[PDB]
Every structure is written in structure tokens, then in C-alpha cells.
Number of protein chains: 2
Amino acid sequence: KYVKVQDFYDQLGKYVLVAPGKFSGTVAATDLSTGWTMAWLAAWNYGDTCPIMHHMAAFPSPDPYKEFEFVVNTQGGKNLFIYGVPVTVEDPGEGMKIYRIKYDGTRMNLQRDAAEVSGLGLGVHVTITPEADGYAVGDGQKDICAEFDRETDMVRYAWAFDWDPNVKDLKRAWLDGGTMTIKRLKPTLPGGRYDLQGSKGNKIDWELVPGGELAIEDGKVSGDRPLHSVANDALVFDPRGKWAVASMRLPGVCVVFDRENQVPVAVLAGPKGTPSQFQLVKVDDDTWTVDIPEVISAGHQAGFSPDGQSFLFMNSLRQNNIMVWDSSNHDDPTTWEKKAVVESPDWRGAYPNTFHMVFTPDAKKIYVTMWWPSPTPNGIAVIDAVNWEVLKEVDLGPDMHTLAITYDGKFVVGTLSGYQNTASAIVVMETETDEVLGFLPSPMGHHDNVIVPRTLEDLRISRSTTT
Amino acid sequence: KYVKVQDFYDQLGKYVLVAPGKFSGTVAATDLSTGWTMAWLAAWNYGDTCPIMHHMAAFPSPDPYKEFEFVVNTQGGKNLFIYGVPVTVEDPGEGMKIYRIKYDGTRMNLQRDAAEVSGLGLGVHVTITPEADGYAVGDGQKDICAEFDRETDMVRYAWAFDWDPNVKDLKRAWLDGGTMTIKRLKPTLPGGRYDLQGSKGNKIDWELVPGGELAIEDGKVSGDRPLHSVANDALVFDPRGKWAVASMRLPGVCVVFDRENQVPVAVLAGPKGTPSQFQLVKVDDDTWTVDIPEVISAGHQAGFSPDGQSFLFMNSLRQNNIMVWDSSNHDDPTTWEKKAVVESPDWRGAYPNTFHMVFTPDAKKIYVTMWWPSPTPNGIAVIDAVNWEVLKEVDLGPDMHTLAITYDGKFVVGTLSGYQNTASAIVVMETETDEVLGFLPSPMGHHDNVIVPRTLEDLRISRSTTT
Ligand SMILES: [Cu+2]
Ligand SMILES: [Cu+2]
Ligand SMILES: [Cu+2]
Ligand SMILES: [Cu+2]
Ligand SMILES: [Cu+2]
Ligand SMILES: [Cu+2]
Ligand SMILES: [Cu+2]
Ligand SMILES: [Cu+2]
Ligand SMILES: [Cu+2]
Ligand SMILES: [Cu+2]
Ligand SMILES: [Cu+2]
Ligand SMILES: [Cu+2]
């Protein structure tokens, strides 16, 4: 007579979902085989006075139910004021913490703040290296990305990015083009430490919010140096090793870095109607520039296919599409050429934006969230990643963020986050016939989620290769 | 082929679950008809520096999906240090806030702190009056309970309780008996306000935790006046009106109050081996005493059946049972006589404790949580509330707290809370054949939960009549 929710979980397999909660100040692991929260952690318990829990990634574990480690970062200061919540803390903590947490099979344990260890505080995307020997973080207020060692939490390399606009007016600073500088960042304090915790290095006093990139042109984003912003977002990894790609939202480019030799090698041009690449110019052993005649569109989410054959960059607002490069030539990224653009006649307005992504293990399909401001339903576009065409779009609810996939490829698990004030949930979609199976409660404002990987192979479709 | 979790929710009906998160610092409403979190609120966003979100109760709403109001309180100070979390907060807030929150069909809105309005801060059970015209709060650190007006958030009446032990040694202070004073508590500040916000009035510097009543005897609970503690817990309401009952954990008694005439009328004696009642002695128009020769056992949870015919008090630790009075005589509580004791040969050790409860609408069954410290599975006892016998016990998981019931009587919805550091969930049990249907994720340390009532009749099986 009665339906058991246990029958629903039985089909999903033995997979652990982990997500941060943005304004909730919390992070939580969920057993998809039972519906239990396995453990949660509230950063306010550790004296965090602005625990905006932002991005996260989990290292592979041979058995996540026995133990797994993850990295979750924070934002602070005026980031607290930019969602609909009538917050009262006029002078919050500066955030940019990089927390190391271990689930030990019973509880979450706060290990340390890697920003205190390294001296480098960064507040946007967190990714695991394909070797699971380290992690990377980007930041779009200070325009810095870095790869960190997993054992020591020390910086392996850090890059700072700067914009020199052709026209010194916020309305024209990106549209009329300019020169981006790529600068090696070296430690300045004893013990190989940086002096870049909290708000140190901020060019703008809050993040460019989802869909909000062009507010900076209209003078709506306060800061020391907004004319010089590029809004770095992430450093994603080629699953084949060697390369990391830094995404720059405002100039609409991605920079390909040699991880081992610690140099940039290529600049990918995001907008449809631009060449495959812009020319990287070496100035000195620590300094490169790239000239961009005009920025046709901002961009945001970025990722590799799990076989490394495709590199994707999402153009936003001025164009809404997925730009696709042929990255098949692992030896030389300067050869990576545009091969496709995913477009839809249904992507008509400034919104929706092509947003977060996850590939199937075989790289034949990609799931991409479609983001709108309140109250238009957000949802998932199902994309044929062989012919680069939209198969299907499904309406789900408010403020959709990240997608993960069970490592058998069977279920996509996504987050909806209520713009930090309304309805939020986990969504489950089966990948065989792309039906939405329904929602699980999730009282959190997640801008990220992962399924805990078991193998290095699993990482190729987790928070390593894509945002 | 694939199971849709929407099929599970379809059977539950149009019911709204609400729960506070204790150490999570959050509160959340869940749509049981879809699995969505409807809205959540993080008290740190409103300058709360110790948001231990403790107890809560919701007022009836003709349509909870359009709007509902609820009350949720907080605990603070050294309460932060008594769970397994290795907390690091140098200057925790004092808590004892009484938040008024309104869900407006989109978001939760913080209305005000009733403790600031009234001047009276209380941190344990919150209950709605059976008229839905007010609410009550108890506190076991200050030993005060009060009924508040819904419109003004001002105190209607407040009672302070004090213990005078026969033996001035914490080991013997309750076992060897004493005299409890019941004192009318009057305001001291302009506008009829109390001076009892935050830690003001604390006799002990932290709560007696679930199953932890004994710690005070062993000198393990610091405070100004622990020898004078009674650990008031709740003020529950007779669904027929007129009477409110204050539960006292340490002396093992409940005090019946005349709400309108603002006087105590009866003292119910909890332990098996005590009479139905102890003698209430009037000292003056503001002061009553009751002599207790020996406290045989502490007690905790308390409640009326929905028809008001039965009153229940749970004896804990020294005895684990449910003491049941015949409360059928609404005109004169001094006539209420013991009529049953729910006992089990399995309840003969210190644990499990008979814990929180919910009745079926027809009062024929009661569901009672059975609490153990880690790692013994906690669960639900299903009780025949006509013959007062245990029908069934089911093992569920760690740290079980409250139960609510859908107002059609079909589904019991309970919370498990991981001792603030491990596994947590919502559990759903169908009441027809008492099968556990399974769990929903809940990344929260809930010591409470409600289903939003629609009618005054619904309140009879919500957070009004019982804890
Ligand atoms: Cu982000
Ligand atoms: Cu300038
Ligand atoms: Cu991003
Ligand atoms: Cu190669
Ligand atoms: Cu997102
Ligand atoms: Cu974000
Ligand atoms: Cu309680
Ligand atoms: Cu004394
Ligand atoms: Cu209680
Ligand atoms: Cu009567
Ligand atoms: Cu409880
Ligand atoms: Cu409690």
C-alpha cells in the first residue's frame, strides 16, 4: 500500500553527495543509498564570523563511507549584502578562507585553514589536481589563482592577472578591448608565505554574482581598482595532466598554464566570431601580456571533457552559448582550435546563461545548468557532446548551480539554491532517458556539489576538469 | 524502470515540516508534498553570535504555503562547549533569544526578538497556547517559564522556581528531598520589562543535556546556584484551555497552573512509588511551596492527550517509564490521579530514556522516542494509549529527538540529530501498520520539529499539548 523512500535510494548506488551552503554557513555529506545526512559542519562553531561557504572539491577515497577529505573555501566582507537577505552585520569577517575538512566515517573534522598556512586567501572555484596530490583555487575579487600541495597546503605556483583597458571608462573598459598582464606571484613573508589573506589584494569589494558580470561597467561594483578587474573564476585541470586552464570572466578568455614549468602557454578567445586564440607575449621571466582588440562577451563556466579531447568555455549575457575547442593535441595547446559552438533558438534573452556542467564517463553527453534571475524557472540542458547539439531542456526551479554525476554515469545530482532566501533542493535525473526523478530537501544555498570519487578516473567527471 | 521520489511525497499530503538546527545555526521549512526546502534562515546573518537554535512551535495558518508564523529560541554561552564539537569561539553570545519569524510564501522574515521586547530571555521548550493567541517558553538554567501574548510579545505571567535541598551536598540535594518554591516573577524596568535577557538569571552556566540530568549531582555543572536548580523544561497546555503544566526535571514534578487567575493549583509527583500529587502550600499571594520527601527519579518530557483526558510525565535514568494521570476532571486538577505506568523490562538500565511524544488525533496511539547516548541505536516505541502498553519498538539511528504527525494522523515525522557531530535525518513512519518508510536528508542538530497546523484542533497534536 505505502511507498518506501528507501526504494528510491536503493537504485542510486553507494554514492556520497557533499555540498556547501553559501549563506547557511554549513557543509554536509549525504548518503544517496539511505537519505541520511552522514555529517555536517557549521563554520560559526570554529569562530568564523562570515562563513559564506562557497566552492568545494573532494579528493578520491578507496571507501568514502570510511573516510574522505575535501576542501571548502569562504567569501566575506560585502559579499554578505548582495543576495536578497536583509543581513545586519555591517562589518563582516573578510572570508577568503580555504578550509581542509576530513570526514572520518563518523564526523567532519576541521583540519586547518590553508589560507593561514600558505598566506594566500582565495574565495571562488576549488578543484582537485588529476593526480589527487593537490588542489587549486581562483578568485575574482583579487584576480589570483594558485595550485596548492595536498600534504603541506603550500602554494606550488600562483598567478595574478591585471586588465589595462584601451578606454579608461568602466562602460567601455572591456568592450573597447585592452591588454591582460599575467604575473608570477612569489611569497613575501618568512617560511615561503604570501601576505594575501582575507581582503588583501581585492580590486572589487564583492564578487560579480551569477549573471551579474556587467554591473561593474555601470559603476555598481565598488572597489580600489575595478578598471583593472578580469574576474578570474577557476583553474580547471586537463585530465591527461600537464595543463591547467584559468578562466577570466570579464575579458572573455581562458589562459592555459604549464603546471610543471610554471609558465602560461596559450590564451583561448571565448566569444563566437573571435579567432581560436589571442597571441601570448613574454615580457620577462615573470610577466606575459595578451592584447584583446575588443571583448565581444563575458564568459564564466569552463571545463575539459573526461578524455581531454574537448575544452569548453560558456559565453554569458552578450552571447549565451558553449564555445568548444579541439584540445586533442596534448603536446601543444597553441594548436587548440575552435571546433563547435552549442547554441539554441530557446537561448534568446540576456538569460538564460549556459552555466555549470558535468559529462557522462564516455564523454558522449553533457548536462549544463541554465540560470535565470528570480522568478523564471532554472533547469538542465541535456547536450549531445558528439554533434554538440541540445537534445532536451527541463524546467526545475529557482537558482540552479552545479551538477555532479554518479561515477557509473547513471544519475545526475544537481543543486537549486533559492538565491539564498527561497526554495532549495537536490535534484536527481537518470541519464538513460533523461527523466527528472525528483527532489531531496537541502536547506542550503549551494554554489557547488560533488559526489565523492573513489579513483583518479572518477575525478575526470568531478570538480577537477570542470566547474 | 526508474523509481521517482515524487511518488513517495505524493502519499504524504500537503504538509509543511519546520525544524531548528541546534549547532547548525539554521531553521528550515520542508514541503513534504515535493521534497523541496521551501525556505531556510541562518541566524548568523542577523548578528547572532551564538545561534544554537533550540525549540520552536508554529501558529496555525489556513494555508501554510501562503504564510505561517513561528517562534524559535536560542541557547548560548557555555552551551557551545558541551557537545562533541571542538568549538573555538572566544566570546560567544549569551543566547536565550526568542525569535519571531514569518514565512511569507517565498522566504522566512525575522520579525523581532521577543526577549528584547519583553526583557525575558528563555532557552528551552516553546509551545503555542491552545487559542493560538500566545506562546510559552521554559528554561532549565534560570528555572523560569512564562506565557507571552502573540500580538505584543509581552509576558502575561512568569513563574520562577527554586530548590531548598534537605542535604546541602550536590550528590544528595535531590535524592534526600527538599522544598520547591513557586514564585510569581514581576518586571523591574520601565514599560513592564524584565531584566532577564541572555545569561541574566542563570543558576547553572549550561543546560542539562539529553540523558545528562545526573551530571549536576557529580559537580560536573558549573554555576552560581546549582544546589537551588530544578531544571524547568516546558510549559505545556491543556487542549481544553484554563491549565498550563510546568515540568521540573530535577525534583521529578509537574506544576499545574491556572493561566487566567495566575496561581499554581496542583503538583503532580512523577516517580512510581510517590502519591498522585504533593501538597501545594500557599505562603502569600505571590509564593507557594511544595515539600518532596525524596526525589526517587528525575523526569523530562511531558504532555496532554489531544482530548485532555490523560496527562503524561516521562521518568528518566533512575526510572525509565511514562507516568499517566487521569486529567478527565477539567474543573479541578487537585483530583488528577495516577491511572497507568508504561513500563518495559528493556527500560531497566539507565538508558533508554522515554523521550518526546506525539498522539494520533483520536488519542488511541502515542509514538515515543527512545534516547541513548552513542553508539546504541535510538528509535520509536509505538504505544497503545487506551491500555497503556508498548506494541512495538523500532531502531532508527543516533540521537532521536521530537516527533510530529500529519494532522490526518497518517504519518509520524521524526528527527535524528547526530549528537551535533554525526548522522542526522528526518524519518517517516506510516501509522496504519507502523512501518518505517525511510529517511530524508537533514543537515541539522534538531531538538524540535513541527508540521504547520491549519486549525486549533490540529494544535492538540502539535507543539502545544506536548514536548
Ligand atoms: Cu562560484
Ligand atoms: Cu586605474
Ligand atoms: Cu564560476
Ligand atoms: Cu602530452
Ligand atoms: Cu553556481
Ligand atoms: Cu558562487
Ligand atoms: Cu530541549
Ligand atoms: Cu546555596
Ligand atoms: Cu525537554
Ligand atoms: Cu472545565
Ligand atoms: Cu529532544
Ligand atoms: Cu535540547
# chains A, B, ... in the order shown; residues from 1 in each chain; ligands from 1

$ interface_residues --of "chain A" --to "chain B" --cutoff "6 Å" --atoms "only C-alpha atoms" --output "ChimeraX atom specification"
/A:3-6,8,24,35-40,42,45-47,87-89,106-107,421-425,437-443

$ residues_around --residues "residue 102 in chain A" --least-positions-apart "6" --cutoff "10 Å" --atoms "only C-alpha atoms" --output "list in words"
residues 58, 67, 68, 69, 70, 71, 108, 109, 110 and 111 of chain A

$ write_last_selection --atoms "N, CA, C and O atoms" --output "PDB file, in the first residue's frame"
ATOM      1  N   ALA A  58      36.219  17.292  -3.501  1.00  0.00           N
ATOM      2  CA  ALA A  58      36.626  16.136  -2.669  1.00  0.00           C
ATOM      3  C   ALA A  58      37.735  15.334  -3.363  1.00  0.00           C
ATOM      4  O   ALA A  58      37.652  15.052  -4.569  1.00  0.00           O
ATOM      5  N   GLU A  67      36.198   7.105   5.146  1.00  0.00           N
ATOM      6  CA  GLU A  67      36.876   8.426   5.273  1.00  0.00           C
ATOM      7  C   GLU A  67      36.909   9.105   3.908  1.00  0.00           C
ATOM      8  O   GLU A  67      37.039   8.411   2.881  1.00  0.00           O
ATOM      9  N   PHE A  68      36.835  10.428   3.890  1.00  0.00           N
ATOM     10  CA  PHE A  68      37.241  11.220   2.713  1.00  0.00           C
ATOM     11  C   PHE A  68      37.638  12.618   3.187  1.00  0.00           C
ATOM     12  O   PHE A  68      37.235  13.056   4.295  1.00  0.00           O
ATOM     13  N   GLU A  69      38.456  13.267   2.371  1.00  0.00           N
ATOM     14  CA  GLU A  69      38.940  14.636   2.600  1.00  0.00           C
ATOM     15  C   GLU A  69      38.366  15.545   1.524  1.00  0.00           C
ATOM     16  O   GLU A  69      38.228  15.131   0.354  1.00  0.00           O
ATOM     17  N   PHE A  70      38.076  16.779   1.912  1.00  0.00           N
ATOM     18  CA  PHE A  70      37.651  17.788   0.927  1.00  0.00           C
ATOM     19  C   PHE A  70      38.176  19.144   1.344  1.00  0.00           C
ATOM     20  O   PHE A  70      38.677  19.333   2.453  1.00  0.00           O
ATOM     21  N   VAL A  71      38.052  20.067   0.403  1.00  0.00           N
ATOM     22  CA  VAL A  71      38.480  21.477   0.507  1.00  0.00           C
ATOM     23  C   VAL A  71      37.226  22.320   0.299  1.00  0.00           C
ATOM     24  O   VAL A  71      36.493  22.043  -0.652  1.00  0.00           O
ATOM     25  N   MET A 108      32.627  15.144  10.610  1.00  0.00           N
ATOM     26  CA  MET A 108      33.545  16.052   9.914  1.00  0.00           C
ATOM     27  C   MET A 108      34.516  16.679  10.917  1.00  0.00           C
ATOM     28  O   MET A 108      34.085  17.118  12.018  1.00  0.00           O
ATOM     29  N   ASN A 109      35.793  16.709  10.567  1.00  0.00           N
ATOM     30  CA  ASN A 109      36.850  17.302  11.422  1.00  0.00           C
ATOM     31  C   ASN A 109      37.495  18.447  10.657  1.00  0.00           C
ATOM     32  O   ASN A 109      38.001  18.204   9.547  1.00  0.00           O
ATOM     33  N   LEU A 110      37.451  19.654  11.201  1.00  0.00           N
ATOM     34  CA  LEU A 110      38.190  20.798  10.630  1.00  0.00           C
ATOM     35  C   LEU A 110      39.686  20.579  10.864  1.00  0.00           C
ATOM     36  O   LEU A 110      40.120  20.533  12.051  1.00  0.00           O
ATOM     37  N   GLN A 111      40.438  20.407   9.792  1.00  0.00           N
ATOM     38  CA  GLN A 111      41.893  20.120   9.872  1.00  0.00           C
ATOM     39  C   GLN A 111      42.667  21.429  10.026  1.00  0.00           C
ATOM     40  O   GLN A 111      43.460  21.540  10.987  1.00  0.00           O
TER      41      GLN A 111
END

$ atom_distance --atom1 "CA of residue 247 in chain B" --atom2 "CA of residue 450 in chain B"
20.2 Å

$ residues_near_ligand --ligand "ligand 5" --cutoff "9 Å" --atoms "only C-alpha atoms and all ligand atoms" --output "number ranges by chain"
A: 55, 210, 301, 355-356, 369, 371, 399-402, 415, 417, 446-448, 467

$ write_last_selection --atoms "N, CA and C atoms" --output "PDB file, in the first residue's frame"
ATOM      1  N   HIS A  55      32.877  27.313  -2.562  1.00  0.00           N
ATOM      2  CA  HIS A  55      33.176  26.232  -3.513  1.00  0.00           C
ATOM      3  C   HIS A  55      33.872  25.095  -2.782  1.00  0.00           C
ATOM      4  N   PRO A 210      26.284  35.458  -9.931  1.00  0.00           N
ATOM      5  CA  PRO A 210      25.799  34.733 -11.102  1.00  0.00           C
ATOM      6  C   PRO A 210      24.902  35.630 -11.964  1.00  0.00           C
ATOM      7  N   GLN A 301      31.609  29.648 -16.964  1.00  0.00           N
ATOM      8  CA  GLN A 301      31.966  28.254 -16.576  1.00  0.00           C
ATOM      9  C   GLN A 301      32.911  27.679 -17.646  1.00  0.00           C
ATOM     10  N   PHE A 355      25.590  27.497 -17.891  1.00  0.00           N
ATOM     11  CA  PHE A 355      26.149  27.571 -16.522  1.00  0.00           C
ATOM     12  C   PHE A 355      27.019  26.326 -16.287  1.00  0.00           C
ATOM     13  N   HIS A 356      26.924  25.739 -15.103  1.00  0.00           N
ATOM     14  CA  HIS A 356      27.783  24.610 -14.658  1.00  0.00           C
ATOM     15  C   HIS A 356      27.543  23.379 -15.531  1.00  0.00           C
ATOM     16  N   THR A 369      23.607  23.464 -16.634  1.00  0.00           N
ATOM     17  CA  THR A 369      22.516  24.185 -15.961  1.00  0.00           C
ATOM     18  C   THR A 369      22.288  25.484 -16.724  1.00  0.00           C
ATOM     19  N   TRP A 371      20.692  29.167 -16.123  1.00  0.00           N
ATOM     20  CA  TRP A 371      20.500  30.071 -14.973  1.00  0.00           C
ATOM     21  C   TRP A 371      19.708  31.314 -15.383  1.00  0.00           C
ATOM     22  N   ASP A 399      17.262  29.283  -9.153  1.00  0.00           N
ATOM     23  CA  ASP A 399      18.701  29.449  -8.831  1.00  0.00           C
ATOM     24  C   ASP A 399      19.454  28.119  -8.941  1.00  0.00           C
ATOM     25  N   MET A 400      19.530  27.518 -10.125  1.00  0.00           N
ATOM     26  CA  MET A 400      20.267  26.242 -10.301  1.00  0.00           C
ATOM     27  C   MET A 400      21.777  26.509 -10.343  1.00  0.00           C
ATOM     28  N   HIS A 401      22.574  25.693  -9.634  1.00  0.00           N
ATOM     29  CA  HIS A 401      24.057  25.786  -9.661  1.00  0.00           C
ATOM     30  C   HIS A 401      24.643  24.513 -10.259  1.00  0.00           C
ATOM     31  N   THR A 402      25.404  23.776  -9.463  1.00  0.00           N
ATOM     32  CA  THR A 402      26.302  22.742 -10.006  1.00  0.00           C
ATOM     33  C   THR A 402      25.552  21.438 -10.266  1.00  0.00           C
ATOM     34  N   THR A 415      22.056  20.933  -7.760  1.00  0.00           N
ATOM     35  CA  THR A 415      21.666  21.817  -6.632  1.00  0.00           C
ATOM     36  C   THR A 415      20.830  22.988  -7.156  1.00  0.00           C
ATOM     37  N   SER A 417      19.201  26.608  -5.241  1.00  0.00           N
ATOM     38  CA  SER A 417      19.745  27.274  -4.029  1.00  0.00           C
ATOM     39  C   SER A 417      18.970  28.524  -3.622  1.00  0.00           C
ATOM     40  N   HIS A 446      23.726  26.301  -1.825  1.00  0.00           N
ATOM     41  CA  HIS A 446      24.875  25.699  -2.552  1.00  0.00           C
ATOM     42  C   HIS A 446      25.187  26.366  -3.884  1.00  0.00           C
ATOM     43  N   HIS A 447      26.448  26.737  -4.066  1.00  0.00           N
ATOM     44  CA  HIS A 447      27.018  27.072  -5.392  1.00  0.00           C
ATOM     45  C   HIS A 447      27.932  25.941  -5.850  1.00  0.00           C
ATOM     46  N   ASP A 448      27.959  24.819  -5.118  1.00  0.00           N
ATOM     47  CA  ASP A 448      28.782  23.658  -5.530  1.00  0.00           C
ATOM     48  C   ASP A 448      28.143  22.380  -5.001  1.00  0.00           C
ATOM     49  N   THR A 467      34.039  23.217 -13.806  1.00  0.00           N
ATOM     50  CA  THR A 467      33.231  23.929 -12.782  1.00  0.00           C
ATOM     51  C   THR A 467      31.785  23.424 -12.875  1.00  0.00           C
TER      52      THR A 467
END

$ closest_atom_pairs --of "chain A" --to "ligand 3" --cutoff "12 Å" --atoms "only C-alpha atoms and all ligand atoms" --output "JSON lines"
{"residue": "A:54", "atom": "CA", "partner": "ligand 3", "partner_atom_place_in_ligand_line": "1 (Cu)", "distance": 10.2}
{"residue": "A:55", "atom": "CA", "partner": "ligand 3", "partner_atom_place_in_ligand_line": "1 (Cu)", "distance": 8.9}
{"residue": "A:56", "atom": "CA", "partner": "ligand 3", "partner_atom_place_in_ligand_line": "1 (Cu)", "distance": 11.7}
{"residue": "A:123", "atom": "CA", "partner": "ligand 3", "partner_atom_place_in_ligand_line": "1 (Cu)", "distance": 10.7}
{"residue": "A:124", "atom": "CA", "partner": "ligand 3", "partner_atom_place_in_ligand_line": "1 (Cu)", "distance": 6.9}
{"residue": "A:125", "atom": "CA", "partner": "ligand 3", "partner_atom_place_in_ligand_line": "1 (Cu)", "distance": 6.1}
{"residue": "A:126", "atom": "CA", "partner": "ligand 3", "partner_atom_place_in_ligand_line": "1 (Cu)", "distance": 9.7}
{"residue": "A:127", "atom": "CA", "partner": "ligand 3", "partner_atom_place_in_ligand_line": "1 (Cu)", "distance": 11.4}
{"residue": "A:137", "atom": "CA", "partner": "ligand 3", "partner_atom_place_in_ligand_line": "1 (Cu)", "distance": 11.0}
{"residue": "A:138", "atom": "CA", "partner": "ligand 3", "partner_atom_place_in_ligand_line": "1 (Cu)", "distance": 9.1}
{"residue": "A:139", "atom": "CA", "partner": "ligand 3", "partner_atom_place_in_ligand_line": "1 (Cu)", "distance": 9.5}
{"residue": "A:140", "atom": "CA", "partner": "ligand 3", "partner_atom_place_in_ligand_line": "1 (Cu)", "distance": 9.2}
{"residue": "A:207", "atom": "CA", "partner": "ligand 3", "partner_atom_place_in_ligand_line": "1 (Cu)", "distance": 10.4}
{"residue": "A:208", "atom": "CA", "partner": "ligand 3", "partner_atom_place_in_ligand_line": "1 (Cu)", "distance": 9.8}
{"residue": "A:209", "atom": "CA", "partner": "ligand 3", "partner_atom_place_in_ligand_line": "1 (Cu)", "distance": 9.3}
{"residue": "A:210", "atom": "CA", "partner": "ligand 3", "partner_atom_place_in_ligand_line": "1 (Cu)", "distance": 7.9}
{"residue": "A:211", "atom": "CA", "partner": "ligand 3", "partner_atom_place_in_ligand_line": "1 (Cu)", "distance": 10.4}
{"residue": "A:212", "atom": "CA", "partner": "ligand 3", "partner_atom_place_in_ligand_line": "1 (Cu)", "distance": 11.7}
{"residue": "A:213", "atom": "CA", "partner": "ligand 3", "partner_atom_place_in_ligand_line": "1 (Cu)", "distance": 11.2}
{"residue": "A:231", "atom": "CA", "partner": "ligand 3", "partner_atom_place_in_ligand_line": "1 (Cu)", "distance": 9.8}
{"residue": "A:232", "atom": "CA", "partner": "ligand 3", "partner_atom_place_in_ligand_line": "1 (Cu)", "distance": 8.8}
{"residue": "A:233", "atom": "CA", "partner": "ligand 3", "partner_atom_place_in_ligand_line": "1 (Cu)", "distance": 5.2}
{"residue": "A:234", "atom": "CA", "partner": "ligand 3", "partner_atom_place_in_ligand_line": "1 (Cu)", "distance": 6.5}
{"residue": "A:235", "atom": "CA", "partner": "ligand 3", "partner_atom_place_in_ligand_line": "1 (Cu)", "distance": 10.1}
{"residue": "A:236", "atom": "CA", "partner": "ligand 3", "partner_atom_place_in_ligand_line": "1 (Cu)", "distance": 10.8}
{"residue": "A:246", "atom": "CA", "partner": "ligand 3", "partner_atom_place_in_ligand_line": "1 (Cu)", "distance": 11.1}
{"residue": "A:247", "atom": "CA", "partner": "ligand 3", "partner_atom_place_in_ligand_line": "1 (Cu)", "distance": 8.6}
{"residue": "A:248", "atom": "CA", "partner": "ligand 3", "partner_atom_place_in_ligand_line": "1 (Cu)", "distance": 9.9}
{"residue": "A:249", "atom": "CA", "partner": "ligand 3", "partner_atom_place_in_ligand_line": "1 (Cu)", "distance": 8.7}
{"residue": "A:299", "atom": "CA", "partner": "ligand 3", "partner_atom_place_in_ligand_line": "1 (Cu)", "distance": 9.5}
{"residue": "A:300", "atom": "CA", "partner": "ligand 3", "partner_atom_place_in_ligand_line": "1 (Cu)", "distance": 5.8}
{"residue": "A:301", "atom": "CA", "partner": "ligand 3", "partner_atom_place_in_ligand_line": "1 (Cu)", "distance": 5.4}
{"residue": "A:302", "atom": "CA", "partner": "ligand 3", "partner_atom_place_in_ligand_line": "1 (Cu)", "distance": 8.1}
{"residue": "A:303", "atom": "CA", "partner": "ligand 3", "partner_atom_place_in_ligand_line": "1 (Cu)", "distance": 10.8}
{"residue": "A:313", "atom": "CA", "partner": "ligand 3", "partner_atom_place_in_ligand_line": "1 (Cu)", "distance": 11.0}
{"residue": "A:314", "atom": "CA", "partner": "ligand 3", "partner_atom_place_in_ligand_line": "1 (Cu)", "distance": 10.2}
{"residue": "A:316", "atom": "CA", "partner": "ligand 3", "partner_atom_place_in_ligand_line": "1 (Cu)", "distance": 11.6}
{"residue": "A:353", "atom": "CA", "partner": "ligand 3", "partner_atom_place_in_ligand_line": "1 (Cu)", "distance": 12.0}
{"residue": "A:354", "atom": "CA", "partner": "ligand 3", "partner_atom_place_in_ligand_line": "1 (Cu)", "distance": 11.4}
{"residue": "A:355", "atom": "CA", "partner": "ligand 3", "partner_atom_place_in_ligand_line": "1 (Cu)", "distance": 8.3}
{"residue": "A:356", "atom": "CA", "partner": "ligand 3", "partner_atom_place_in_ligand_line": "1 (Cu)", "distance": 7.7}
{"residue": "A:357", "atom": "CA", "partner": "ligand 3", "partner_atom_place_in_ligand_line": "1 (Cu)", "distance": 10.8}
{"residue": "A:401", "atom": "CA", "partner": "ligand 3", "partner_atom_place_in_ligand_line": "1 (Cu)", "distance": 9.4}
{"residue": "A:402", "atom": "CA", "partner": "ligand 3", "partner_atom_place_in_ligand_line": "1 (Cu)", "distance": 9.6}
{"residue": "A:447", "atom": "CA", "partner": "ligand 3", "partner_atom_place_in_ligand_line": "1 (Cu)", "distance": 8.6}
{"residue": "A:448", "atom": "CA", "partner": "ligand 3", "partner_atom_place_in_ligand_line": "1 (Cu)", "distance": 9.4}
{"residue": "A:463", "atom": "CA", "partner": "ligand 3", "partner_atom_place_in_ligand_line": "1 (Cu)", "distance": 11.7}
{"residue": "A:466", "atom": "CA", "partner": "ligand 3", "partner_atom_place_in_ligand_line": "1 (Cu)", "distance": 9.8}
{"residue": "A:467", "atom": "CA", "partner": "ligand 3", "partner_atom_place_in_ligand_line": "1 (Cu)", "distance": 6.4}

$ residues_near_ligand --ligand "ligand 8" --cutoff "10 Å" --atoms "only C-alpha atoms and all ligand atoms" --output "ChimeraX atom specification"
/B:163-165,168-169,224-229
